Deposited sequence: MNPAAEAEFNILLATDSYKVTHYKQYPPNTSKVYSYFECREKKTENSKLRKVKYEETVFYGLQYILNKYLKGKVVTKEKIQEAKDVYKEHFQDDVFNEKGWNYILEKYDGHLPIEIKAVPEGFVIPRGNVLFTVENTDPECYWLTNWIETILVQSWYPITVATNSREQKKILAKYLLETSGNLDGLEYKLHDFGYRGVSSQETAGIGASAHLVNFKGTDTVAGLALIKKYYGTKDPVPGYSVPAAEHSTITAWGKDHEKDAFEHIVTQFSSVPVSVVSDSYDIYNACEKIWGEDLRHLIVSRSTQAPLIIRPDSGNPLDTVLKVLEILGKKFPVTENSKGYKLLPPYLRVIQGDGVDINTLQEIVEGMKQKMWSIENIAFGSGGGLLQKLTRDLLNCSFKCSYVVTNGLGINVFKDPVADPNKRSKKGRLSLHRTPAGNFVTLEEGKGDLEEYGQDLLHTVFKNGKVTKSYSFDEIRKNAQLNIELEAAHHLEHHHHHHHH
């Protein structure tokens, strides 16, 4: 079972002995710190952590004893704050005396702004605010997946609009292939849910149950997929029977969309001779609601996509759309799901544009690039103490390392506001109390063991919309 007393960085066990004596309040905040790309971030994922790990009776006698036993051996010393944890158990029935205020989930906020704050609500628990730093900071992951996914949606929207004149199908242009490529089952669910803030296509099934349990949608599910082959279902037929595999699969799935990986032996032969000649009659007969989606899966991504389109364009009837770009017939599409990250995505769509191919023709799958190849450094997600009260006096505190001004932190009590021009600003040093900038955009989402404000997945999706979608 999960034990919050064992869910912190080891050294934090020792911090209750290190704060100034007579400290009654420790107040800390989280930001995606500005660095001297990724100018704005999607705030998403805190509600998951609040519900799964922080709410309700999270302290018990048994959990306190288990932590005491572990830390005795881990430190080879008795340094654990048993008294402090006992107090929470006795006084609050094991509920955390903490208040967390946060910007609404889905909100899109420029770098360098307060996203949430944490403070103790009982003077005895001054040490608790930063105990939970470690678990709260893991919100960096859904924030970063959601943000990077959104930035890819911006690229797709730009190129789809330019080559087609509209945004039809945008929400299915980047499919999550990352289940096998992430570090754990839990990460899979969290990451997939973050991608679904921006798109509707996922093969990472774990995301669906997470959204249903912690957020909720009006629709039965937040994400969708369609039938498709993998290399094993082609290669199992034997090297000389690739055509037989293709025919069997597209016939099994004749009335729904189906994707067929086509590079087991020779992608170019498969497109030109197998699909383009031998089995063409099974392709040209398909419904617009049930295309074949050809999937290359190796070679230089841009070079391969362009060559595949070039081949298909000569075996199938291509049209020129009203923007002047080439368009495959509606029963035939392509998905590139190898080597796709934000950089290569951009390279591929720009390459297609240069060769006069509409982005209507293609969709992308991304796995490791979408869900695993991300770190806390990308957006400088960071949690810092900005305000303490000692001997009844509040003091504004901060770090400001001489050799790195980028690591300077904010001072005092913080609040988030709209500017007169409709942008965002974080006020420091309690200046929000002057009420010169309208209402604080941070809302209490957690207090004394209870989740106090929640958002549905639908609301989050609404908040995270692109400007171009809004327009």
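> What are the unmodelled segments when the structure is compared with the full deposited sequence, in sequence order?
Unobserved in coordinates, per deposited numbering: 1-7, 44-52, 488-501.
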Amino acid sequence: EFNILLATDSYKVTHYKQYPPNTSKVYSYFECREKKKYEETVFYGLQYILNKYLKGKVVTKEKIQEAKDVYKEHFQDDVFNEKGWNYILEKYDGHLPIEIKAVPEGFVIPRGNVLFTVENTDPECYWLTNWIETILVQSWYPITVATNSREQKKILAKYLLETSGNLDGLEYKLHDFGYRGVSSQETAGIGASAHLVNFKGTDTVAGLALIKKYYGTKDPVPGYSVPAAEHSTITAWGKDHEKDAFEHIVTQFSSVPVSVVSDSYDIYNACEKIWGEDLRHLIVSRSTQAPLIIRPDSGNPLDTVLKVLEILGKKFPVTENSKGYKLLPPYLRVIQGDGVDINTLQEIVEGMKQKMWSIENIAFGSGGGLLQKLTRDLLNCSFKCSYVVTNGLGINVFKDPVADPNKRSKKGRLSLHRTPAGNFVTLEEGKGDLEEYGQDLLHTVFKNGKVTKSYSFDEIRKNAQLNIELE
From here on, numbers count along this sequence of modelled residues.
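> May I ask whether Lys57 is missing from the deposited models in at least a third of the other compared entries?
No, none of the compared structures omit it.
> Do a third or more of the other compared entries leave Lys431 out of the model?
Negative; every one of those entries includes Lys431.
> Out of 39-47 and 430-438, which one has CA B-factors that are higher on average in the deposited record?
Higher of the two, by average CA B-factor, is 430-438.
> Give the stretch, out of 258-266 and 236-244, with the larger mean C-alpha temperature factor in the deposited entry.
The stretch with the larger average C-alpha B-factor is 236-244.
> Check the PDB entry and point out which of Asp203, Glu277, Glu99, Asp341 has the largest C-alpha temperature factor.
Each of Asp203, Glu277, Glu99, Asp341 was compared by C-alpha B-factor; the highest is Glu277.
> Which is it among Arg180, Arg376, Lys314, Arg150: the one with the largest CA B-factor in the entry?
So the option with the highest C-alpha B-factor is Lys314.
> Select lowest, middle or highest to describe the third in which the CA B-factor of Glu66 falls within its chain in this entry.
For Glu66, the deposited C-alpha B-factor lands in the highest third.
> Could you tell me which third, lowest, middle or highest, the C-alpha B-factor of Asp404 occupies within its chain?
For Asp404, the deposited C-alpha B-factor lands in the middle third.
> Which third, lowest, middle or highest, does the C-alpha temperature factor of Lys450 belong to within its own chain?
Highest third.
> Hey, what third does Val305 fall into on Cα B-factor, ranked over its chain?
According to the entry, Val305 has a C-alpha B-factor in the chain's middle third.
> Which third of the chain holds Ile143 when residues are ordered by C-alpha B factor: lowest, middle or highest?
Bottom third by C-alpha B-factor.
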